[PDB]
Amino acid sequence: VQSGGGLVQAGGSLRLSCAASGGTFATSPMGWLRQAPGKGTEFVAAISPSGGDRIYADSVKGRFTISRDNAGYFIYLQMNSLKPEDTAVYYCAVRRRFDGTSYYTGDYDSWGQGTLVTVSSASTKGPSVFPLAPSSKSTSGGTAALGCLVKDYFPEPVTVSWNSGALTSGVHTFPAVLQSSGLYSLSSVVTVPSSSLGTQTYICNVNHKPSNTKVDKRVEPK
Amino acid sequence: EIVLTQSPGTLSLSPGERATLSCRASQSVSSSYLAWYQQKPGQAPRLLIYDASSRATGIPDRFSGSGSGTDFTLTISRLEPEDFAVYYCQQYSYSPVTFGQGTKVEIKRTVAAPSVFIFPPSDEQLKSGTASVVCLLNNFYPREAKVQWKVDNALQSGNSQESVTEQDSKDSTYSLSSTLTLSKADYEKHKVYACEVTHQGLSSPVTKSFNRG
């Protein structure tokens, strides 16, 4: 039985708890695992029956602390300096097998319980803008696609245009999606004739007002 | 509380056709205190109907509501271009007021296969320690597709994000981006980067790929 999750902002802290729903896992080694949204299970931390050995995923080492009590009723995971990357559904588990290392998630058994923990980014950040270089050479025929990857910004929205408004047909600016880093990312792409590439300039005009980040980037072959 | 469910989840219809949208309640909605809303991206829902069958002021005749008890219907007797949107039912008979999960009304057009392109990460970006590879599915219909990343024939999972445009206002197609993100370390530990696309318009899945260079 669990508790202590929820919503907190980047730089917050939470202390999840794991209460024994049968009285004693006091003699069994215990672990915390997490499953991020759209992700698989990953190891977080573990602790030997005595509380002596304590083990931590690389991603959370330094920030998270696993601890327990002596009666084997309570195992804890103190989660400090929370990042958006820590957004996941967490659960404790009893290590009931020894098929490998104490890092091996497959050794741990749980029963479908989880606590949702969400870490909401806060800072105003402008995007980096990378080119999506044309998909074929300027000597090939048919249609070419190119674009701009507008990555790692917060909050919504950004404005994207091509040649400060000169190119609009064939343009698709994708909806921003919140990355696992709590920052948005989107691509803007355009299809053009292959033959045309070398004779015209394609520049995305990204403007992120919340930060007066305003970038224009030439997209050309590699 | 009263749980409302809408069916179907998506209606695909041609301009001018009639749309029939259903709202089912988990228990009786007293006095027919049921409302319908239209919702378009970036806009607050727009009240169409209240008391199950009364139009709000200025709402066109082609929106009509009926039903009682646990079953309600919104009819759009003729789909105008501006009517393709998401539609929600709401009950205000018992607190809390509850909402359905929406029925999307989209434009049906002929099946169109996607044009697929793959983009490696730029030199610039790798220098930041991260690599994004983008797969573009351009101008397809219907909306459903499958996009798998394979790195050295290894099916990838958990490290890709998808995004889909709204239905194009000119040709009624959709476009889709899948972006596989990994560190520079994990990037140049590998050779073949492939995007595999399955879609109804294609006779067999199309794969576009590059070898990191």
# chains A, B, ... in the order shown; residues from 1 in each chain; ligands from 1

$ closest_atom_pairs --of "chain B" --to "chain A" --cutoff "12 Å" --atoms "only C-alpha atoms" --output "CSV"
residue,atom,partner,partner_atom,distance
B:41,CA,A:175,CA,10.8
B:42,CA,A:157,CA,11.4
B:115,CA,A:143,CA,9.5
B:116,CA,A:145,CA,9.3
B:117,CA,A:135,CA,6.5
B:118,CA,A:135,CA,6.9
B:119,CA,A:132,CA,5.8
B:120,CA,A:132,CA,7.3
B:121,CA,A:132,CA,7.4
B:122,CA,A:131,CA,6.4
B:123,CA,A:222,CA,8.6
B:124,CA,A:130,CA,7.1
B:125,CA,A:130,CA,6.6
B:126,CA,A:130,CA,10.2
B:127,CA,A:130,CA,11.4
B:128,CA,A:128,CA,10.2
B:130,CA,A:151,CA,11.2
B:131,CA,A:130,CA,10.6
B:132,CA,A:149,CA,8.8
B:133,CA,A:132,CA,9.1
B:134,CA,A:132,CA,8.1
B:135,CA,A:132,CA,10.4
B:136,CA,A:189,CA,8.5
B:137,CA,A:145,CA,10.6
B:138,CA,A:172,CA,8.9
B:139,CA,A:170,CA,9.6
B:156,CA,A:39,CA,11.3
B:157,CA,A:39,CA,7.7
B:158,CA,A:39,CA,4.6
B:159,CA,A:39,CA,7.6
B:160,CA,A:38,CA,9.1
B:161,CA,A:179,CA,7.9
B:162,CA,A:177,CA,8.1
B:163,CA,A:175,CA,6.3
B:164,CA,A:174,CA,6.4
B:165,CA,A:174,CA,5.5
B:166,CA,A:175,CA,8.5
B:167,CA,A:172,CA,10.7
B:168,CA,A:172,CA,9.0
B:169,CA,A:172,CA,11.6
B:170,CA,A:169,CA,10.2
B:171,CA,A:170,CA,11.1
B:173,CA,A:172,CA,11.2
B:174,CA,A:172,CA,9.6
B:175,CA,A:172,CA,7.6
B:176,CA,A:174,CA,7.8
B:177,CA,A:174,CA,7.5
B:178,CA,A:187,CA,9.9
B:179,CA,A:187,CA,9.2
B:180,CA,A:179,CA,11.3
B:181,CA,A:179,CA,9.8
B:182,CA,A:180,CA,12.0
B:208,CA,A:135,CA,10.4
B:209,CA,A:135,CA,10.7
B:210,CA,A:135,CA,10.5
B:213,CA,A:222,CA,10.1

$ write_last_selection --atoms "C-alpha atoms" --output "compact mmCIF listing (two decimals), in the first residue's frame"
# COMPACT_ATOMS: atom_id res chain seq x y z
CA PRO B 41 -8.53 23.85 -31.15
CA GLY B 42 -7.51 26.83 -29.01
CA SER B 115 5.00 10.20 -48.39
CA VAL B 116 7.74 9.21 -45.95
CA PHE B 117 10.96 11.06 -45.32
CA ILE B 118 13.66 10.55 -42.72
CA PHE B 119 15.96 13.25 -41.35
CA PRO B 120 19.21 12.59 -39.54
CA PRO B 121 20.27 14.83 -36.64
CA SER B 122 22.28 17.84 -37.63
CA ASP B 123 25.97 18.29 -36.90
CA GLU B 124 24.96 21.28 -34.76
CA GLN B 125 22.67 19.19 -32.55
CA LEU B 126 25.01 16.29 -31.92
CA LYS B 127 27.51 18.83 -30.49
CA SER B 128 24.91 19.40 -27.77
CA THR B 130 21.73 14.74 -28.03
CA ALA B 131 20.52 13.35 -31.34
CA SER B 132 16.98 13.63 -32.72
CA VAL B 133 16.02 11.66 -35.80
CA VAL B 134 12.75 12.64 -37.40
CA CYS B 135 10.45 10.53 -39.55
CA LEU B 136 7.84 12.45 -41.51
CA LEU B 137 4.63 10.94 -42.84
CA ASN B 138 3.20 13.52 -45.20
CA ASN B 139 -0.33 14.05 -46.43
CA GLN B 156 12.78 0.52 -30.45
CA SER B 157 10.36 1.43 -27.70
CA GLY B 158 9.89 4.18 -25.13
CA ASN B 159 12.26 6.67 -26.79
CA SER B 160 10.11 8.13 -29.62
CA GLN B 161 7.42 10.82 -29.67
CA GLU B 162 4.64 11.28 -32.20
CA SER B 163 2.69 14.35 -33.23
CA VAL B 164 -0.12 14.74 -35.76
CA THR B 165 -1.37 17.87 -37.55
CA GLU B 166 -5.01 18.87 -37.64
CA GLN B 167 -6.80 17.82 -40.74
CA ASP B 168 -5.55 19.97 -43.57
CA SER B 169 -8.08 22.63 -44.52
CA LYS B 170 -7.32 22.30 -48.26
CA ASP B 171 -6.94 18.56 -48.94
CA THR B 173 -5.08 14.92 -45.15
CA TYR B 174 -3.04 14.42 -42.02
CA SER B 175 0.71 14.52 -41.49
CA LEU B 176 2.64 12.84 -38.70
CA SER B 177 6.07 13.23 -37.14
CA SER B 178 7.83 10.57 -35.07
CA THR B 179 10.98 11.77 -33.35
CA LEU B 180 13.42 9.29 -31.87
CA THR B 181 15.61 10.97 -29.24
CA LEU B 182 18.79 9.45 -27.85
CA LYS B 208 13.09 4.85 -45.22
CA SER B 209 16.57 4.72 -43.74
CA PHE B 210 20.09 6.03 -43.56
CA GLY B 213 27.65 9.26 -41.70

$ residues_around --residues "residue 63 of chain A" --least-positions-apart "2" --cutoff "12 Å" --atoms "only C-alpha atoms" --output "MDAnalysis selection string"
chainID A and resid 11:15 44:45 56:61 65:66 77:83 86

$ residues_around --residues "residue 32 of chain B" --least-positions-apart "6" --cutoff "6 Å" --atoms "only C-alpha atoms" --output "list in words"
residues 51, 52 and 68 of chain B

$ residues_around --residues "residue 95 of chain B" --least-positions-apart "5" --cutoff "12 Å" --atoms "only C-alpha atoms" --output "mmCIF file with C-alpha atoms, in the first residue's frame"
data_model
loop_
_atom_site.group_PDB
_atom_site.id
_atom_site.type_symbol
_atom_site.label_atom_id
_atom_site.label_comp_id
_atom_site.auth_asym_id
_atom_site.auth_seq_id
_atom_site.Cartn_x
_atom_site.Cartn_y
_atom_site.Cartn_z
ATOM 1 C CA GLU B 1 -21.793 11.099 -10.087
ATOM 2 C CA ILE B 2 -23.212 10.788 -13.574
ATOM 3 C CA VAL B 3 -20.771 9.365 -16.099
ATOM 4 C CA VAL B 29 -30.533 12.918 -16.391
ATOM 5 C CA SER B 30 -33.456 14.631 -14.674
ATOM 6 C CA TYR B 33 -30.654 19.060 -18.236
ATOM 7 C CA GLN B 90 -22.616 17.763 -20.586
#

$ select_by_dssp --residues "segment 82-212 of chain B" --states "alpha helix (DSSP H)" --output "MDAnalysis selection string"
chainID B and resid 123:126 184:188

$ residues_around --residues "residue 195 of chain A" --least-positions-apart "3" --cutoff "10 Å" --atoms "only C-alpha atoms" --output "PyMOL selection string"
chain A and resi 136-144+192+198-199

$ write_last_selection --atoms "N, CA, C and O atoms" --output "PDB file, in the first residue's frame"
ATOM      1  N   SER A 136      16.568  14.690 -50.350  1.00  0.00           N
ATOM      2  CA  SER A 136      17.283  14.247 -51.543  1.00  0.00           C
ATOM      3  C   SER A 136      18.118  15.385 -52.084  1.00  0.00           C
ATOM      4  O   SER A 136      17.941  16.558 -51.708  1.00  0.00           O
ATOM      5  N   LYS A 137      19.046  15.018 -52.961  1.00  0.00           N
ATOM      6  CA  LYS A 137      19.951  15.981 -53.567  1.00  0.00           C
ATOM      7  C   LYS A 137      19.210  16.849 -54.588  1.00  0.00           C
ATOM      8  O   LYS A 137      18.127  16.475 -55.079  1.00  0.00           O
ATOM      9  N   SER A 138      19.818  17.995 -54.916  1.00  0.00           N
ATOM     10  CA  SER A 138      19.249  18.985 -55.842  1.00  0.00           C
ATOM     11  C   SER A 138      19.396  18.548 -57.313  1.00  0.00           C
ATOM     12  O   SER A 138      19.323  19.380 -58.221  1.00  0.00           O
ATOM     13  N   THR A 139      19.576  17.236 -57.524  1.00  0.00           N
ATOM     14  CA  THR A 139      19.860  16.635 -58.834  1.00  0.00           C
ATOM     15  C   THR A 139      19.012  15.371 -59.067  1.00  0.00           C
ATOM     16  O   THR A 139      19.353  14.558 -59.937  1.00  0.00           O
ATOM     17  N   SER A 140      17.899  15.229 -58.331  1.00  0.00           N
ATOM     18  CA  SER A 140      17.225  13.922 -58.144  1.00  0.00           C
ATOM     19  C   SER A 140      15.798  13.801 -58.705  1.00  0.00           C
ATOM     20  O   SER A 140      15.360  12.696 -59.029  1.00  0.00           O
ATOM     21  N   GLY A 141      15.068  14.908 -58.803  1.00  0.00           N
ATOM     22  CA  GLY A 141      13.671  14.860 -59.259  1.00  0.00           C
ATOM     23  C   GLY A 141      12.673  14.639 -58.127  1.00  0.00           C
ATOM     24  O   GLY A 141      13.058  14.461 -56.964  1.00  0.00           O
ATOM     25  N   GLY A 142      11.384  14.670 -58.474  1.00  0.00           N
ATOM     26  CA  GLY A 142      10.308  14.502 -57.506  1.00  0.00           C
ATOM     27  C   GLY A 142      10.292  15.603 -56.451  1.00  0.00           C
ATOM     28  O   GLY A 142      10.734  16.731 -56.692  1.00  0.00           O
ATOM     29  N   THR A 143       9.800  15.253 -55.267  1.00  0.00           N
ATOM     30  CA  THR A 143       9.590  16.202 -54.190  1.00  0.00           C
ATOM     31  C   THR A 143      10.612  16.024 -53.090  1.00  0.00           C
ATOM     32  O   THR A 143      10.961  14.904 -52.751  1.00  0.00           O
ATOM     33  N   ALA A 144      11.081  17.136 -52.530  1.00  0.00           N
ATOM     34  CA  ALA A 144      11.982  17.114 -51.386  1.00  0.00           C
ATOM     35  C   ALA A 144      11.282  17.678 -50.158  1.00  0.00           C
ATOM     36  O   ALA A 144      10.427  18.544 -50.268  1.00  0.00           O
ATOM     37  N   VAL A 192       9.007  20.825 -51.091  1.00  0.00           N
ATOM     38  CA  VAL A 192       9.326  21.662 -52.245  1.00  0.00           C
ATOM     39  C   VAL A 192       9.841  20.781 -53.393  1.00  0.00           C
ATOM     40  O   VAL A 192      10.252  19.631 -53.169  1.00  0.00           O
ATOM     41  N   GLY A 198      18.779  24.294 -54.704  1.00  0.00           N
ATOM     42  CA  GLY A 198      19.932  25.178 -54.775  1.00  0.00           C
ATOM     43  C   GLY A 198      19.701  26.617 -55.219  1.00  0.00           C
ATOM     44  O   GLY A 198      20.593  27.465 -55.147  1.00  0.00           O
ATOM     45  N   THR A 199      18.508  26.908 -55.684  1.00  0.00           N
ATOM     46  CA  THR A 199      18.242  28.216 -56.242  1.00  0.00           C
ATOM     47  C   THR A 199      17.340  29.062 -55.311  1.00  0.00           C
ATOM     48  O   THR A 199      17.026  30.213 -55.623  1.00  0.00           O
TER      49      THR A 199
END

$ residues_around --residues "residue 58 of chain B" --least-positions-apart "6" --cutoff "12 Å" --atoms "only C-alpha atoms" --output "PDB file with N, CA, C and O atoms, in the first residue's frame"
ATOM      1  N   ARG B  46     -18.253  25.943 -27.377  1.00  0.00           N
ATOM      2  CA  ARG B  46     -19.300  26.832 -27.829  1.00  0.00           C
ATOM      3  C   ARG B  46     -20.610  26.079 -27.608  1.00  0.00           C
ATOM      4  O   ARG B  46     -20.795  24.980 -28.128  1.00  0.00           O
ATOM      5  N   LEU B  47     -21.482  26.644 -26.784  1.00  0.00           N
ATOM      6  CA  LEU B  47     -22.736  26.017 -26.450  1.00  0.00           C
ATOM      7  C   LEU B  47     -23.658  25.996 -27.658  1.00  0.00           C
ATOM      8  O   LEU B  47     -23.977  27.040 -28.234  1.00  0.00           O
ATOM      9  N   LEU B  48     -24.071  24.800 -28.040  1.00  0.00           N
ATOM     10  CA  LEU B  48     -25.003  24.577 -29.128  1.00  0.00           C
ATOM     11  C   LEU B  48     -26.450  24.424 -28.658  1.00  0.00           C
ATOM     12  O   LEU B  48     -27.376  25.074 -29.175  1.00  0.00           O
ATOM     13  N   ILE B  49     -26.639  23.523 -27.705  1.00  0.00           N
ATOM     14  CA  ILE B  49     -27.929  23.077 -27.256  1.00  0.00           C
ATOM     15  C   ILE B  49     -27.922  22.987 -25.725  1.00  0.00           C
ATOM     16  O   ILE B  49     -26.910  22.579 -25.143  1.00  0.00           O
TER      17      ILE B  49
END

$ select_by_dssp --residues "chain A" --states "strand (DSSP E or B)" --output "ChimeraX atom specification"
/A:2-3,6-9,14-19,30-35,41-47,54-56,64-68,74-79,88-95,108-109,115-120,125,128-132,143-154,159-162,167,171-173,177-178,184-193,203-208,213-218

$ residues_around --residues "residue 1 of chain A" --least-positions-apart "5" --cutoff "10 Å" --atoms "only C-alpha atoms" --output "list in words"
residues 17, 18, 19, 20, 21, 22, 74, 91, 92, 111, 113, 114 and 115 of chain A

$ write_last_selection --atoms "N, CA, C and O atoms" --output "short mmCIF file (atom, residue, chain, number, x, y, z; two decimals), in the first residue's frame"
data_model
loop_
_atom_site.label_atom_id
_atom_site.label_comp_id
_atom_site.auth_asym_id
_atom_site.auth_seq_id
_atom_site.Cartn_x
_atom_site.Cartn_y
_atom_site.Cartn_z
N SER A 17 5.95 6.46 0.31
CA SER A 17 5.93 5.47 1.37
C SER A 17 5.39 4.14 0.85
O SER A 17 4.62 4.11 -0.13
N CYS A 18 5.81 3.05 1.49
CA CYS A 18 5.40 1.71 1.10
C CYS A 18 5.08 0.93 2.38
O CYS A 18 5.98 0.50 3.11
N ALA A 19 3.78 0.79 2.64
CA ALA A 19 3.27 0.16 3.84
C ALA A 19 3.00 -1.32 3.58
O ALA A 19 2.37 -1.67 2.58
N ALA A 20 3.46 -2.17 4.49
CA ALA A 20 3.28 -3.61 4.36
C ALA A 20 1.81 -3.96 4.57
O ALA A 20 1.29 -3.81 5.67
N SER A 21 1.16 -4.43 3.50
CA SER A 21 -0.26 -4.86 3.49
C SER A 21 -0.50 -6.30 4.01
O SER A 21 -1.61 -6.85 3.89
N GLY A 22 0.55 -6.89 4.58
CA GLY A 22 0.47 -8.18 5.26
C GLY A 22 1.32 -8.28 6.52
O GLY A 22 1.43 -9.34 7.11
N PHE A 74 7.39 -0.44 6.85
CA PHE A 74 7.53 0.77 6.05
C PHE A 74 8.88 0.81 5.34
O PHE A 74 9.94 0.62 5.96
N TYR A 91 6.49 2.40 -7.90
CA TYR A 91 6.00 1.38 -6.99
C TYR A 91 7.15 0.62 -6.35
O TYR A 91 8.21 0.46 -6.94
N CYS A 92 6.91 0.19 -5.11
CA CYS A 92 7.86 -0.64 -4.39
C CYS A 92 7.61 -2.08 -4.78
O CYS A 92 6.57 -2.43 -5.37
N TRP A 111 2.50 -5.95 -7.17
CA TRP A 111 1.12 -6.45 -7.32
C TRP A 111 0.17 -5.46 -7.97
O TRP A 111 -1.03 -5.46 -7.67
N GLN A 113 0.08 -2.10 -7.86
CA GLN A 113 -0.08 -0.81 -7.19
C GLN A 113 0.90 0.20 -7.77
O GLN A 113 1.97 -0.15 -8.27
N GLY A 114 0.52 1.47 -7.71
CA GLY A 114 1.40 2.54 -8.17
C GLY A 114 1.06 3.87 -7.52
O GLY A 114 -0.06 4.07 -7.05
N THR A 115 2.03 4.77 -7.47
CA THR A 115 1.80 6.19 -7.12
C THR A 115 2.27 7.08 -8.25
O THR A 115 3.43 7.03 -8.65
#

$ atom_distance --atom1 "atom CA of residue 145 of chain B" --atom2 "atom CA of residue 106 of chain B"
16.5 Å

$ atom_distance --atom1 "atom CA of residue 29 of chain A" --atom2 "atom CA of residue 55 of chain A"
11.2 Å

$ closest_residue --among "A:10, A:102, A:70, A:25" --to "residue 53 of chain A" --atoms "only C-alpha atoms"
A:102

$ closest_residue --among "B:38, B:101, B:172, B:73" --to "residue 4 of chain B" --atoms "only C-alpha atoms"
B:101

$ atom_distance --atom1 "atom CA of residue 123 of chain A" --atom2 "atom CA of residue 205 of chain A"
22.5 Å

$ closest_residue --among "B:11, B:35, B:155, B:197" --to "residue 97 of chain B" --atoms "only C-alpha atoms"
B:35

$ decode --residues "segment 116-134 of chain A" --atoms "N, CA, C and O atoms" --output "CSV table (one decimal), in the first residue's frame"
chain,number,residue,atom,x,y,z
A,116,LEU,N,1.4,7.9,-8.8
A,116,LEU,CA,1.7,8.9,-9.8
A,116,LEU,C,2.5,10.1,-9.2
A,116,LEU,O,2.1,10.6,-8.2
A,117,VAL,N,3.6,10.4,-9.8
A,117,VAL,CA,4.4,11.5,-9.4
A,117,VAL,C,4.7,12.3,-10.7
A,117,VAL,O,5.2,11.8,-11.6
A,118,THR,N,4.3,13.6,-10.6
A,118,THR,CA,4.5,14.5,-11.8
A,118,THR,C,5.3,15.7,-11.4
A,118,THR,O,5.0,16.3,-10.3
A,119,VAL,N,6.3,16.1,-12.2
A,119,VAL,CA,7.1,17.2,-11.9
A,119,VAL,C,7.0,18.2,-13.1
A,119,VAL,O,7.5,18.0,-14.2
A,120,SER,N,6.4,19.3,-12.8
A,120,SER,CA,6.1,20.4,-13.8
A,120,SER,C,7.2,21.4,-13.9
A,120,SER,O,7.4,22.2,-12.9
A,121,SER,N,7.9,21.5,-15.0
A,121,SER,CA,8.9,22.5,-15.3
A,121,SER,C,8.3,23.9,-15.1
A,121,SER,O,7.1,24.1,-15.1
A,122,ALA,N,9.1,24.9,-14.8
A,122,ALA,CA,8.6,26.3,-14.6
A,122,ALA,C,9.2,27.4,-15.4
A,122,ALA,O,8.6,28.3,-15.9
A,123,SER,N,10.5,27.3,-15.7
A,123,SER,CA,11.3,28.4,-16.3
A,123,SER,C,10.9,28.7,-17.7
A,123,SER,O,10.5,27.8,-18.5
A,124,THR,N,11.0,30.0,-18.0
A,124,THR,CA,10.9,30.5,-19.4
A,124,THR,C,12.2,30.2,-20.1
A,124,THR,O,13.2,30.8,-19.8
A,125,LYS,N,12.1,29.4,-21.2
A,125,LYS,CA,13.2,29.0,-21.9
A,125,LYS,C,12.9,29.1,-23.4
A,125,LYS,O,11.9,28.6,-23.9
A,126,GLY,N,13.9,29.7,-24.2
A,126,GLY,CA,13.8,29.7,-25.6
A,126,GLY,C,14.3,28.4,-26.3
A,126,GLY,O,15.1,27.7,-25.7
A,127,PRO,N,13.8,28.2,-27.5
A,127,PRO,CA,14.2,27.0,-28.2
A,127,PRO,C,15.5,27.0,-28.9
A,127,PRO,O,16.0,28.0,-29.3
A,128,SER,N,16.1,25.8,-29.0
A,128,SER,CA,17.2,25.6,-30.0
A,128,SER,C,16.5,25.3,-31.3
A,128,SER,O,15.5,24.6,-31.3
A,129,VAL,N,17.1,25.7,-32.4
A,129,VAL,CA,16.5,25.4,-33.7
A,129,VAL,C,17.5,24.7,-34.6
A,129,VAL,O,18.5,25.3,-35.0
A,130,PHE,N,17.2,23.5,-35.0
A,130,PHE,CA,18.1,22.7,-35.8
A,130,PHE,C,17.5,22.4,-37.2
A,130,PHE,O,16.3,22.4,-37.3
A,131,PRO,N,18.4,22.3,-38.2
A,131,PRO,CA,17.8,22.0,-39.5
A,131,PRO,C,17.5,20.6,-39.8
A,131,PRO,O,18.2,19.7,-39.3
A,132,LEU,N,16.5,20.4,-40.5
A,132,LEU,CA,16.2,19.1,-41.0
A,132,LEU,C,16.5,19.1,-42.5
A,132,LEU,O,15.8,19.7,-43.3
A,133,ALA,N,17.7,18.7,-42.8
A,133,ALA,CA,18.4,18.9,-44.1
A,133,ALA,C,17.5,18.2,-45.2
A,133,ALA,O,16.9,17.1,-44.9
A,134,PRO,N,17.4,18.7,-46.4
A,134,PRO,CA,16.6,18.1,-47.4
A,134,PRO,C,16.9,16.7,-47.7
A,134,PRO,O,18.0,16.2,-47.6
